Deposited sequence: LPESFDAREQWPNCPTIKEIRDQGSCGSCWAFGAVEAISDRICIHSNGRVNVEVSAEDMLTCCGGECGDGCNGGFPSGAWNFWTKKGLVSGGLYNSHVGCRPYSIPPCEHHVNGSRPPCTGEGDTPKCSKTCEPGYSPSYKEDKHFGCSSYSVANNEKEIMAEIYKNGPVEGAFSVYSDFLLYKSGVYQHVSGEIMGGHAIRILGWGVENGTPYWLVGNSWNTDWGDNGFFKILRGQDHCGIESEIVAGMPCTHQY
């Protein structure tokens, strides 16, 4: 394994790998880390580009994935992909795909031209129809995963998984000091526990002797380092290596 690895540079034909989404004022990180990585993988292992709908995952998985905007379980999300599949859907108001995200983007712990996130958002309805004008139908726009699995809390195996099969979904404890992250390699030193946060890990590297994981947050691009952040790697910091899940697309 190389000292560094950026899925964005390794798979130039998969632009989803470099894009940052915005979960809005809804605790839907579990769904976002999932559809983002799933999007990357459909592209990696089918070479076709598809914006996997966060809306379909967030609203239709149900109990098997948790409680919608109230939080969910990453592994549960990948299961839904293999069982019910996911339709396409782009950003809020983009009219891209079968089911674009329906929750407005907002400012996540930063000032900007968007409304500030309120964290209090209701889970949207599970509607099995596509936006007007889109084709094919909801049922025919479904993309299925052929396997859902969990990678062990092992730095090397996690790297090998990313190296070989692409970005995976992870989760870690977010403390208040992470909210203000701007650059460098994040290490928890102070702040109250905010809860678990599911995200997308797409690579790793070493910055000034400090090993890290390259992560894509889902708080838009004006948060952190263009929506991404680096986090200490190798010591299960904030449990970043304790809940890695992934899967493979069919055929």
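- Counting from residue 1 of the deposited sequence, the stretches lacking C-alpha coordinates in this chain are 48-49, 254-256.
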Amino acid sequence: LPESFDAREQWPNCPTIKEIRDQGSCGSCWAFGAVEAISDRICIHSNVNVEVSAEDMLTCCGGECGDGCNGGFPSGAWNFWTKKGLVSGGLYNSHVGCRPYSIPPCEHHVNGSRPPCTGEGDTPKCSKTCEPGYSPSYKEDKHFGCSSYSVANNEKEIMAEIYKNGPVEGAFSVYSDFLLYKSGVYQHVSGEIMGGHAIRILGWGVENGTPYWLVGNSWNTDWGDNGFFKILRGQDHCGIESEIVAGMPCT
From here on, numbers count along this sequence of modelled residues.
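- Relative to one another, 57-65 and 188-196 have unequal mean CA B-factors, and 188-196 is the one with the higher figure.
- Higher mean CA temperature factor, per the PDB entry, when comparing 22-30 with 202-210: 202-210.
- Which of 181, 81, 92, 172 has the largest Cα B-factor in the deposited entry comes down to 92.
- Going by the entry's values, 136 shows the largest Cα B-factor out of 136, 166, 74, 85.
- Among the modelled residues of the chain, residue 43 sits in the middle third by CA temperature factor in this PDB entry.
- Residue 155: CA B factor in the middle third of modelled residues in this chain (values from the PDB entry).
- Ranked against the other modelled residues of its chain, the C-alpha B-factor of residue 140 as given in the entry falls in the highest third.
- In the PDB entry, a CA B factor belonging to the highest third of its chain's modelled residues is recorded for residue 9.
- When the CA B factors of the chain's modelled residues are split into thirds, the value for residue 120 lands in the highest one.
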